[PDB]
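The next block holds one structure in the form of structure tokens; read it before the comments.
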Amino acid sequence: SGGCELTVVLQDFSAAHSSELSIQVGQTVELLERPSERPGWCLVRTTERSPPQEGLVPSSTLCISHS
């Protein structure tokens with residue numbers, strides 16, 4: 001796999017791209033990667049919902065840390 005971390009969406013979002021999905025503010029979904037390559041963005045994947053799902057949005061809508 002690589003690396004997955006638990007993250008919560010700060011704002012609701014609706015898919016649009018291939019690996020995109022509709023999310024809502026308050027839920028928890030594990031992010032795929034980090035904003036190292038991209039500053040200000042974050043991903044969202046669900047594993048507690050078979051089959052899992054994956055998403056893409058900006059850190060504004062995804063729980064982040066920022067160094």
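Identifiers for the structure tokens are assigned positionally: chains receive A, B, ... in sequence, residues are indexed from 1 per chain, and ligands are indexed from 1 in the order shown.
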
Problem set entry | Long-range neighbours of residue 15 (chain A) as a PyMOL selection string, 10 Å cut-off, only C-alpha atoms, 2 positions minimum in chain | chain A and resi 13+17-23+54-57

Exercise. Which residues, written as an NGL selection string, have at least one atom at most 12 Å from residue 11 (chain A), with only C-alpha atoms counted and residues fewer than 4 positions away on the same chain left out?
Worked result: :A and (22-28 or 57-63)

Can I get the selected residues back with N, CA and C atoms, as an mmCIF file, in the first residue's frame?
data_model
loop_
_atom_site.group_PDB
_atom_site.id
_atom_site.type_symbol
_atom_site.label_atom_id
_atom_site.label_comp_id
_atom_site.auth_asym_id
_atom_site.auth_seq_id
_atom_site.Cartn_x
_atom_site.Cartn_y
_atom_site.Cartn_z
ATOM 1 N N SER A 22 -18.163 11.957 -2.541
ATOM 2 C CA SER A 22 -18.864 12.956 -1.782
ATOM 3 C C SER A 22 -18.677 12.718 -0.300
ATOM 4 N N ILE A 23 -18.194 13.744 0.361
ATOM 5 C CA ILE A 23 -17.935 13.704 1.784
ATOM 6 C C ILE A 23 -18.679 14.827 2.490
ATOM 7 N N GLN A 24 -18.787 14.708 3.800
ATOM 8 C CA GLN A 24 -19.475 15.684 4.611
ATOM 9 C C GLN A 24 -18.638 16.103 5.811
ATOM 10 N N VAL A 25 -18.791 17.357 6.197
ATOM 11 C CA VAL A 25 -18.062 17.912 7.330
ATOM 12 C C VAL A 25 -18.373 17.156 8.625
ATOM 13 N N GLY A 26 -17.341 16.594 9.253
ATOM 14 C CA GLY A 26 -17.540 15.893 10.512
ATOM 15 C C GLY A 26 -17.216 14.415 10.472
ATOM 16 N N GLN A 27 -17.259 13.821 9.293
ATOM 17 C CA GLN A 27 -16.987 12.409 9.156
ATOM 18 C C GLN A 27 -15.496 12.109 9.188
ATOM 19 N N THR A 28 -15.174 10.830 9.308
ATOM 20 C CA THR A 28 -13.787 10.393 9.329
ATOM 21 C C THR A 28 -13.495 9.414 8.209
ATOM 22 N N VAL A 57 -9.478 16.222 -2.215
ATOM 23 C CA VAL A 57 -9.938 17.573 -1.917
ATOM 24 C C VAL A 57 -8.796 18.354 -1.294
ATOM 25 N N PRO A 58 -8.973 19.652 -1.010
ATOM 26 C CA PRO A 58 -7.926 20.429 -0.410
ATOM 27 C C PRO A 58 -7.971 20.365 1.110
ATOM 28 N N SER A 59 -6.824 20.598 1.722
ATOM 29 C CA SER A 59 -6.674 20.572 3.172
ATOM 30 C C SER A 59 -7.781 21.366 3.870
ATOM 31 N N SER A 60 -8.325 22.361 3.182
ATOM 32 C CA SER A 60 -9.396 23.172 3.749
ATOM 33 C C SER A 60 -10.591 22.295 4.115
ATOM 34 N N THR A 61 -10.777 21.217 3.357
ATOM 35 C CA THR A 61 -11.876 20.293 3.576
ATOM 36 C C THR A 61 -11.383 18.980 4.178
ATOM 37 N N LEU A 62 -10.107 18.923 4.549
ATOM 38 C CA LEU A 62 -9.527 17.731 5.119
ATOM 39 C C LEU A 62 -8.632 18.080 6.296
ATOM 40 N N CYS A 63 -8.802 17.353 7.378
ATOM 41 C CA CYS A 63 -8.004 17.568 8.585
ATOM 42 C C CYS A 63 -6.516 17.437 8.278
#

Exercise. What's the 10 Å shell around region 48-50 of chain A, counting only C-alpha atoms, without same-chain residues fewer than 3 positions away, as a ChimeraX atom specification?
Worked result: /A:28-30,45,53

Exercise. In Å, with one decimal, what is the gap from CA of residue 33 (chain A) to CA of residue 7 (chain A)?
Worked result: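 Straight-line distance from CA of residue 33 (chain A) to CA of residue 7 (chain A) works out to 10.8 Å.
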
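In terms of minimum interatomic distance to residue 6 (chain A), A:44 ranks closest within A:36, A:67, A:44, A:51, counting only C-alpha atoms.
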
Exercise. Per DSSP on the backbone, what are the strand (DSSP E) residues of chain A, as an MDAnalysis selection string?
Worked result: chainID A and resid 5:8 28:31 41:46 53:58

Seminar exercise, completed: Here CA of residue 4 (chain A) and CA of residue 35 (chain A) stand apart by 12.8 Å

For this session: For each of A:42, A:52, A:37, A:66, take the minimum atom-to-atom distance to residue 9 (chain A), counting only C-alpha atoms, then give the residue where this is smallest.
Result: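 Among the listed residues, A:42 lies closest to residue 9 (chain A).
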
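The shell of residues at most 9 Å from residue 3 (chain A), with only C-alpha atoms counted and near chain neighbours (fewer than 2 positions) removed, consists of residues 1, 5, 31, 32 and 33 of chain A.
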